[PDB]
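Here the structure comes first, spelled out in structure tokens, and everything after it is commentary.
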Amino acid sequence: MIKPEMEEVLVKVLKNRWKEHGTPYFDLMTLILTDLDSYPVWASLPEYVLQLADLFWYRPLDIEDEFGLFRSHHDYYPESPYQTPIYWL
Amino acid sequence: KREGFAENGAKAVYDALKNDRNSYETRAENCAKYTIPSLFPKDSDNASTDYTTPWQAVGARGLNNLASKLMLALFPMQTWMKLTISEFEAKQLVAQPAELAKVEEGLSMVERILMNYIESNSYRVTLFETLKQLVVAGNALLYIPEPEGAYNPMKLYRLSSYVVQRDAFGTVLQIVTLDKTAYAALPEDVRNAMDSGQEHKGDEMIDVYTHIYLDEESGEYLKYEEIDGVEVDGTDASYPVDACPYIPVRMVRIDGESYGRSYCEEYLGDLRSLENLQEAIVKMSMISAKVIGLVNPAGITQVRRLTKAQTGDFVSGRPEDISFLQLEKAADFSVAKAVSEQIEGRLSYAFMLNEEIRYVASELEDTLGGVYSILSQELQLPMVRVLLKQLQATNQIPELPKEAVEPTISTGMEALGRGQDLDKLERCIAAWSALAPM
């Protein structure tokens, strides 16, 4: 029911690149990348969710450090097709 | 000029104590090799050797599972601590409900500030890493920084980077850390301090030594830092024995030792045997020179055409009705598989990959309750003490009466009526309704 407002928030986050703990909206963005209740966003605005995942997952140069990934990675620990929005995107 | 333990310099104490550490290091290396080698890599010839991937996955999976459960007893999202009021002081304060209200509003908001500081500084991450180190090497060291900026997570040390010395009661007498960073990366005054001697290259790594040692004319530990046998000016500090910011931790307690032991030391023979059997099964598959199969529906499709001497002819059939015996045909396969099942039974029980009283509490409460309580002593209590003193020194929390207000950990079990209503029911409905078809 609030697609224009959600889009405005996502545009602002991608413009300012607020990808770090303590910056604005960081908690809600984390949920959009991790939580199944976020599926109306995944259905309504997928082109923005892909850009958000690109911003939040990759860290340019444990084996995570060699792949170039952030150590909050155990949010996905029991690895499964339902851990990420990709199956619905 | 220094006095006491510091008389000969931090590097001298490090090189002197290093001799005793080699056995504990060797044990940690052997435990890492059969679980996850990047937890304690110590091979030199990595141009020629890898962080060698085992065929058995059991060690890595068991280590991760155990660390997760220990990080559910320790440091959960629910309230695991209590700022108590001493009963003699409570007996004074209770004379007016207003005094208790003013004290306990302070205690409520300070306790919420402690859980805030734990989560807002993401201590959960480094504490999970620490539990991995404790399971594989038995030993770890943590440091809590003085606050600067907006965000302040801890620093974690592996056994190969520090030394520690203890009395017969386990009391820490002194600690030294060895730290490294390149010349050009160090602070400006530090870079100016090394004008004499050799001409440093910009990327030349400098060995810095931190020495912490106990005082006698004061109830304090003393700190300084050292390069090339000379003190780094301005790095000196002092701390009372009740609130030092350095915390060395042991998995299993022993008297008369600087160090603890790891859990999986008892099971290294099993892991080393399981790998041996799996490698044999691979080679047993590779060498085979004949293939055997079966057609399932009672022979209704006529295979005699294959017994005739013609290569260009085909049986009517499907992948739905044909199978092959590519491992199971081999003679020694079944017994190698059976022994592997016995070894995995012991390992899976050990890593917890499993009359009206429930007996699972023997492991889930009594077995874990020991290491849970010992980490309450040697890890949780020093951390909350340092945190309280730091928050007070940085004016974040009030200077509530020192004789009355005292910390405590409430190890045990959390409330359950909320838990089923949220996790068993509504989180399940959310997942189920999200997963429904298009």
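Identifiers in this document derive from the order of the structure tokens: chains are assigned A, B, ..., residues are numbered from 1 separately in each chain, and ligands are numbered from 1 in order of occurrence.
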Chain B contacts on chain A, only C-alpha atoms, 10 Å, as a PyMOL selection string: chain A and resi 21-22+35-40+62-63+71-72+74+77-78+82+88
Which of B:389, B:402, B:424, B:180 sits closest to residue 84 (chain B) [using only C-alpha atoms]: B:402
Residue list (helix (DSSP H, G or I), DSSP) for chain A, as number ranges by chain: A: 3-16, 26-34, 36-44, 46-57, 64-67, 71-76, 85-87
Point-to-point distance in Å for CA of residue 349 (chain B) and CA of residue 361 (chain B):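 Straight-line distance from CA of residue 361 (chain B) to CA of residue 349 (chain B) works out to 14.6 Å.
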Distance query residue 11 (chain A) at most 12 Å, only C-alpha atoms, self and fewer than 2 positions along chain excluded, as a list in words: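 Counting only the stated atoms, we get residues 4, 5, 6, 7, 8, 9, 13, 14, 15, 16, 17, 18, 25, 45, 47, 48, 49, 51 and 52 of chain A.
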Residue 57 (chain A) surroundings by only C-alpha atoms, 10 Å radius, close-in-sequence under 6 positions cut, as a VMD selection string: chain A and resid 19 33 68 to 70 72 to 73
Å distance separating CA of residue 290 (chain B) from CA of residue 314 (chain B), one decimal place: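 Distance reported for this atom pair: 20.5 Å.
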Can you check which parts of region 322-393 of chain B lie within 10 Å of region 267-271 of chain B? Per residue, the shortest pair of atoms and distance in Å to one decimal, counting only C-alpha atoms, sorted by chain and number, as a tab-separated table.
```
residue	atom	partner	partner_atom	distance
B:340	CA	B:270	CA	9.6
B:342	CA	B:270	CA	9.8
B:343	CA	B:270	CA	6.2
B:344	CA	B:270	CA	8.5
B:346	CA	B:270	CA	8.4
B:347	CA	B:267	CA	7.6
B:350	CA	B:267	CA	8.7
```
Just C-alpha atoms for this one: save the residues we selected as a PDB file, in the first residue's frame.
```
ATOM      1  CA  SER B 340      32.536 -45.057   9.133  1.00  0.00           C
ATOM      2  CA  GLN B 342      30.395 -46.128  14.038  1.00  0.00           C
ATOM      3  CA  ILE B 343      33.014 -43.337  14.035  1.00  0.00           C
ATOM      4  CA  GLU B 344      30.449 -40.758  12.906  1.00  0.00           C
ATOM      5  CA  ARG B 346      30.749 -41.049  18.317  1.00  0.00           C
ATOM      6  CA  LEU B 347      31.670 -37.748  16.632  1.00  0.00           C
ATOM      7  CA  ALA B 350      30.317 -35.468  20.866  1.00  0.00           C
TER       8      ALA B 350
END
```
Sel. of strand (DSSP E or B) residues, region 180-409 of chain B, as a PyMOL selection string: chain B and resi 180-182+205-214+220-227+230-231+237-240+246-250+293-295+322-324+405-406+409
Close residues, residue 34 (chain A) itself excluded, 8 Å, only C-alpha atoms, min 6 positions apart in chain, as an MDAnalysis selection string: chainID A and resid 75 83:85
Shell around residue 325 (chain B) at 6 Å using only C-alpha atoms, local window under 2 positions removed, as a list in words: residues 292, 293, 327, 328 and 329 of chain B
Atoms to include: N, CA, C and O atoms. Write the selected residues as a PDB file, in the first residue's frame.
```pdb
ATOM      1  N   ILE B 292      27.868 -53.140 -13.602  1.00  0.00           N
ATOM      2  CA  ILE B 292      26.738 -54.043 -13.391  1.00  0.00           C
ATOM      3  C   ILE B 292      25.487 -53.217 -13.080  1.00  0.00           C
ATOM      4  O   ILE B 292      25.569 -52.191 -12.396  1.00  0.00           O
ATOM      5  N   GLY B 293      24.334 -53.639 -13.618  1.00  0.00           N
ATOM      6  CA  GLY B 293      23.086 -52.915 -13.462  1.00  0.00           C
ATOM      7  C   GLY B 293      21.871 -53.827 -13.450  1.00  0.00           C
ATOM      8  O   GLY B 293      21.998 -55.051 -13.525  1.00  0.00           O
ATOM      9  N   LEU B 327      29.242 -48.286  -6.728  1.00  0.00           N
ATOM     10  CA  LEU B 327      30.047 -48.488  -5.527  1.00  0.00           C
ATOM     11  C   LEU B 327      29.714 -49.793  -4.823  1.00  0.00           C
ATOM     12  O   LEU B 327      30.619 -50.533  -4.423  1.00  0.00           O
ATOM     13  N   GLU B 328      28.420 -50.095  -4.694  1.00  0.00           N
ATOM     14  CA  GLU B 328      27.938 -51.219  -3.898  1.00  0.00           C
ATOM     15  C   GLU B 328      28.411 -52.577  -4.422  1.00  0.00           C
ATOM     16  O   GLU B 328      28.322 -53.572  -3.694  1.00  0.00           O
ATOM     17  N   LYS B 329      28.869 -52.651  -5.676  1.00  0.00           N
ATOM     18  CA  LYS B 329      29.378 -53.906  -6.228  1.00  0.00           C
ATOM     19  C   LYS B 329      30.666 -54.354  -5.539  1.00  0.00           C
ATOM     20  O   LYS B 329      30.951 -55.558  -5.482  1.00  0.00           O
TER      21      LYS B 329
END
```
